[PDB]
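Asks: One structure follows; several queries about it will come next.
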Amino acid sequence: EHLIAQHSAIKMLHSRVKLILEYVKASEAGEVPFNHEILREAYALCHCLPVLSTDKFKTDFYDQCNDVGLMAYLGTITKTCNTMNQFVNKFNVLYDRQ
Amino acid sequence: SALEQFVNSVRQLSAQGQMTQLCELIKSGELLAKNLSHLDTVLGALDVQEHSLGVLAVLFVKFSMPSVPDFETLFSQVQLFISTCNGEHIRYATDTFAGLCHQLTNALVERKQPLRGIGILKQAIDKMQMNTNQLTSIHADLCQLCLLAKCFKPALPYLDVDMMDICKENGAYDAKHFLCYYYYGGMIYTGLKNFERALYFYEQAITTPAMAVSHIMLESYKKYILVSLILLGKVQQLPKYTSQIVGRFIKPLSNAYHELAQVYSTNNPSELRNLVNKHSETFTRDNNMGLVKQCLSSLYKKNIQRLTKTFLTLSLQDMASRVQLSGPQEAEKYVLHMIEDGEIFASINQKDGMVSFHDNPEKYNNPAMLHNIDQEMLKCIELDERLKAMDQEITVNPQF
Amino acid sequence: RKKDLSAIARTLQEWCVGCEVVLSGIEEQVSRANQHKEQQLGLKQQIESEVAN
Amino acid sequence: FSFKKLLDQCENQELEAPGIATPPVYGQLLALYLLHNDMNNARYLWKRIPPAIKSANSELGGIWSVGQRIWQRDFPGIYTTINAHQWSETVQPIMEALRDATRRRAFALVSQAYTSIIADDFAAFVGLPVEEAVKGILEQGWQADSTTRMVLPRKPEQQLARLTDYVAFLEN
Amino acid sequence: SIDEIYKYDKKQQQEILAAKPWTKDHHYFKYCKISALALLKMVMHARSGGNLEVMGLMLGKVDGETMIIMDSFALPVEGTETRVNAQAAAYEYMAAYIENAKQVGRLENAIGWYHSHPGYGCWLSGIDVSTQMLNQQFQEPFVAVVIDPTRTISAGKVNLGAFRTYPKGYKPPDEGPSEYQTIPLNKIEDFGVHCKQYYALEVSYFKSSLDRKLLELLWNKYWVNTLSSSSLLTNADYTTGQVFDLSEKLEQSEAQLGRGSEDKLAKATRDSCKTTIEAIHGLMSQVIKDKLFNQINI
Ligand SMILES: [Zn+2]
């Protein structure tokens, strides 16, 4: 229910840059205007490829995911500890007088 | 006569109409007449399905000679019963296992060792152990074997399972069964040197309600001492919810062992020598040759570990002088086997005599980190999975 | 910059569709997993509810 | 590599064999389990070896001595023990294979822990003579020294299913 | 028709308004047909309200067995969650609005109470339970329209509950939801004093086909925004407050299960798993963008 907003906006601009793609392909194909400002931007794009190779964000994202993952680790804690407390309850229920 | 439809039961009438006879009451025989050879037509051929209840209660009136001379013949068809007729709920197959196989167990090192049953026979062993390599005294036999008998392979499959699901449930198990279980666990991960796993086995089983003391359990707590002190950089203190009389009775029985725990803080050769001579009765009581220099290893553990966070580099000749080390060249020798231990921040400077620390546990910078954590992932995953499953079954509790 | 123009724009179409299909396989893995999460927890909760009586 | 498969299959099958399996293949498995410098369950199974097998299979005693010097880690002595007895086609060839493998083990780890050493030291620690090591370092370009022979050893989808798992826990 | 429910039959609507089925059964209103104006400024004016509690008049109607929230939202005010009958003071809004709303054919009349507890809900607390109860003996059909802004921030779902509280004399019958909710110290005692004096309405939503097309087309260019969140940076501090709060709740679960708020240990395990899921899914979206745009290699 979140990523479908992603999907919707991406599909909208997808229609945009796909109409772009279509009249583009026609440029090199034929009967549609020959301009030098078509792909050229595509070259800019292919040098816009994966931003920050940098190892900077590489460490940064080690940071991020380690944070959330140890969060989840603690939550391996939360889940099984709640399970454990209920177990000790029922152990104090039938094995014992809670 | 005595097996008219009874052998017809095993062959034919097992998984049939009102034929629920043998399994439910849980062996080189099963009938002791002249026709002990006719004890071997078809019993370990097909399976051990729902033919459970009756005929064992019917036929517990013979109970003699469970060790007939079929040591290979009926042994052969029982290795079949392993393969061919492994069964339905094969826990109760511990019967012949109990009656015969421990019987057979008695002969194995009595001949050499378990020559002939282990490999195949684990087929119906695991047909027995339903899911988790579930606990039985088959563990007990074969793993006492792999501990002391020089045959450690067949449970290498079964090494670090969190096997569970034991059967009390009309016997089918014994206190000694788990006792042996984590016991050879301890001793083997000693010999196998995964000392932490076995130390774990000890403590997790020793908090069990305990009121009978055993010198067996004395060897248990002793070897646990061995690991927990040697294996660790200092002493462990445990969840003290173990026995009332046992854990607090052997605790003074651990007199020399608490004092030797103090000895772990002491660093004296002569005293540990004397105590080792004292307990040599245990040092070789089960071919456990080498425990003393296991202690000496813990000694140089303390040495090196102290040295670890001290400095970057010293006159390692002078450091060997420092650390009660027995040989400077020798010093780098065991240093470099620590390099084979793969842990040390040290380095090899013949010229300057330089050994530095290099403080690179991790630089948090790995797909390797990803692997560590994905391990953590799936581990904690299935952990919580059985959390929810056991919770689920707690939902199955009756009127309460 | 006289013309790789045709080949330029078509390599563009290529890689655009390539990242698109990577991300779309992701999309349907998502339509699996936490759609599978919907089904799994719904059924598991059905089990837990039927545990009572 | 196939040598490890040789180890594994020979071990498990030779175990499957016994009354008592092949004492020559016993010592062959000995070398096989040595292949990783796997010495301790090695001595373990040594202690299941029947004694006539040990003494009679003289290559068995030789290999046992070899693993002895292994625990010394005395490199040239162990090399010599390789050519003490020779079991070609199963051992002496794997003698060579394991020899070179653990020699490279020493290579890597020593170069790593290296700070300074006469290259001759470790060269004898890998059987390489003096100018054999000269070759090894110059061809490797590692700086050697006069009067010390000190080396310069140099030493050296994915996320989508992640997300699915994250939901399977978080969102369950 | 999809527009068949957008039809505000002022005739029919005000008919059931004067119908008084609640005085026959105070559980008649089971549904709550809503137009998304509630969500509209309820959401963004609880969030734009910061942490300042608010109050006032909702637009709406009634249909069959259904309260209908045509409107609900917030003020730039405070004091709600502790005001003696807060909501009243904002009704001046549609003391005017609805009036000349009729001048455009909005012949609707006032129906309810817009409000927001920015950060911690939209409801009526202890003094506002005086508010809620008094007014439902004042103003029935009256509702405790309940949705939490920051809960709907870190939750991804609109927990809407139209809480016709059980008037004095009328106890919760078979269907009293009584949505138990973690309250601050100010009003948790009075919630325990009044947690079981209200039920919820079956809050449905009604719209036009143009509405669906507009939301889809919204997404159809918002997806670019979707891959530009950076919200792990947003409320990591919020995660930290949950850190403290959760260690505290485990302290209190401790203190409860010691000798002998029901089973604070299990509730705490629940909420811990919840908030960790929250932070983890934030990290999910962020790692999503990251791995995507950073695995684009030339
Ligand atoms: Zn009030």
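All residue names refer to the structure tokens as shown: chains lettered A, B, ... in order, residues numbered from 1 in each chain, ligands numbered from 1 in order.
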Do you know which residues are within 9 Å of ligand 1 using only C-alpha atoms and all ligand atoms? Can you write them as an MDAnalysis selection string?

Replies: chainID E and resid 79:87 124:132

Asks: Identify every residue of chain B that has at least one atom within 7 Å of any atom of chain D, counting only C-alpha atoms, and report the result as a PyMOL selection string.

Replies: chain B and resi 115+150-151+346-351

Asks: Find the spatial neighbours of residue 165 in chain E, counting only C-alpha atoms, within a cut-off of 8 Å - ignore same-chain residues fewer than 6 positions away - and output them as a list in words.

Replies: residues 132, 133, 136, 142, 143, 144, 197, 198 and 199 of chain E

Asks: Using only C-alpha atoms, determine which residues of chain B fall within 12 Å of chain A; present them as a compact mmCIF listing (two decimals) with N, CA and C atoms, in the first residue's frame.

Replies:
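Here's the written file part.txt:
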# COMPACT_ATOMS: atom_id res chain seq x y z
N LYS B 363 36.11 -3.81 9.92
CA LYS B 363 35.86 -2.43 9.55
C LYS B 363 34.44 -2.24 9.04
N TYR B 364 33.48 -2.99 9.60
CA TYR B 364 32.04 -2.83 9.36
C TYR B 364 31.68 -2.72 7.88
N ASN B 365 32.53 -3.27 7.01
CA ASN B 365 32.54 -2.85 5.62
C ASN B 365 32.37 -4.02 4.67
N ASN B 366 31.47 -4.93 4.98
CA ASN B 366 31.50 -6.13 4.21
C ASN B 366 30.14 -6.60 3.74
N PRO B 367 30.07 -7.08 2.51
CA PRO B 367 29.09 -8.13 2.22
C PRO B 367 29.26 -9.29 3.17
N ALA B 368 30.50 -9.55 3.61
CA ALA B 368 30.73 -10.47 4.71
C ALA B 368 29.91 -10.09 5.93
N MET B 369 29.88 -8.79 6.25
CA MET B 369 28.99 -8.32 7.30
C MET B 369 27.56 -8.74 7.00
N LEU B 370 27.14 -8.55 5.75
CA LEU B 370 25.86 -9.05 5.30
C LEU B 370 25.70 -10.53 5.58
N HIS B 371 26.76 -11.30 5.45
CA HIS B 371 26.60 -12.72 5.65
C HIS B 371 26.43 -13.04 7.12
N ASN B 372 27.23 -12.40 7.97
CA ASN B 372 27.09 -12.53 9.41
C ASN B 372 25.66 -12.25 9.80
N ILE B 373 25.13 -11.17 9.26
CA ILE B 373 23.83 -10.72 9.69
C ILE B 373 22.75 -11.59 9.09
N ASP B 374 22.92 -12.09 7.87
CA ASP B 374 21.91 -12.96 7.29
C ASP B 374 21.84 -14.26 8.06
N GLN B 375 22.99 -14.75 8.50
CA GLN B 375 23.03 -15.80 9.51
C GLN B 375 22.14 -15.44 10.67
N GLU B 376 22.42 -14.29 11.28
CA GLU B 376 21.61 -13.79 12.38
C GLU B 376 20.14 -13.78 12.02
N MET B 377 19.86 -13.36 10.80
CA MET B 377 18.54 -13.26 10.23
C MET B 377 17.86 -14.59 10.39
N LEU B 378 18.35 -15.56 9.64
CA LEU B 378 17.65 -16.83 9.51
C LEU B 378 17.62 -17.56 10.84
N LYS B 379 18.71 -17.46 11.59
CA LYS B 379 18.77 -18.03 12.92
C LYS B 379 17.64 -17.52 13.79
N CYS B 380 17.61 -16.21 14.01
CA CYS B 380 16.55 -15.60 14.78
C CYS B 380 15.20 -15.86 14.16
N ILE B 381 15.17 -15.99 12.84
CA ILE B 381 13.95 -16.31 12.13
C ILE B 381 13.36 -17.59 12.68
N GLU B 382 14.07 -18.69 12.50
CA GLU B 382 13.53 -19.97 12.92
C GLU B 382 13.37 -20.03 14.42
N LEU B 383 14.20 -19.28 15.14
CA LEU B 383 14.02 -19.14 16.58
C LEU B 383 12.62 -18.64 16.89
N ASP B 384 12.26 -17.48 16.34
CA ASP B 384 10.91 -16.96 16.52
C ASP B 384 9.86 -17.87 15.91
N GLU B 385 10.24 -18.64 14.89
CA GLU B 385 9.29 -19.54 14.26
C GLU B 385 8.82 -20.59 15.25
N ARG B 386 9.75 -21.23 15.93
CA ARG B 386 9.34 -22.19 16.94
C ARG B 386 8.80 -21.51 18.18
N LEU B 387 9.17 -20.26 18.42
CA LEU B 387 8.47 -19.48 19.43
C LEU B 387 6.98 -19.46 19.15
N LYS B 388 6.61 -19.04 17.94
CA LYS B 388 5.21 -18.98 17.56
C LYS B 388 4.59 -20.36 17.51
N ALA B 389 5.33 -21.38 17.08
CA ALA B 389 4.77 -22.72 17.03
C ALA B 389 4.44 -23.22 18.43
N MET B 390 5.35 -23.01 19.37
CA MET B 390 5.13 -23.47 20.72
C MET B 390 4.04 -22.65 21.40
N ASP B 391 4.01 -21.35 21.13
CA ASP B 391 2.88 -20.52 21.53
C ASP B 391 1.56 -21.09 21.01
N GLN B 392 1.52 -21.35 19.71
CA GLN B 392 0.43 -22.04 19.04
C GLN B 392 -0.04 -23.25 19.83
N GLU B 393 0.90 -24.11 20.21
CA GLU B 393 0.50 -25.30 20.94
C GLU B 393 0.04 -24.97 22.35
N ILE B 394 0.57 -23.89 22.93
CA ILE B 394 0.06 -23.42 24.21
C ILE B 394 -1.41 -23.03 24.08
N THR B 395 -1.79 -22.55 22.89
CA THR B 395 -3.20 -22.32 22.60
C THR B 395 -4.01 -23.60 22.70
N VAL B 396 -3.36 -24.76 22.54
CA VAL B 396 -4.04 -26.05 22.57
C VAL B 396 -4.31 -26.52 24.00
N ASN B 397 -3.95 -25.74 25.00
CA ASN B 397 -4.19 -26.12 26.38
C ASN B 397 -5.68 -26.27 26.67
N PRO B 398 -6.06 -27.25 27.48
CA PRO B 398 -7.47 -27.55 27.71
C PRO B 398 -8.17 -26.51 28.56
N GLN B 399 -9.39 -26.83 28.99
CA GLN B 399 -10.12 -26.01 29.96
C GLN B 399 -9.20 -25.55 31.08
N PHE B 400 -9.01 -24.24 31.16
CA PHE B 400 -8.08 -23.68 32.12
C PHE B 400 -8.46 -22.25 32.46

Asks: Going by DSSP on the backbone, which residues of range 1-247 of chain E come out as strand (DSSP E)? List them as a PyMOL selection string.

Replies: chain E and resi 31-34+58-63+66-69+109-112+144-146+161-165+198-201
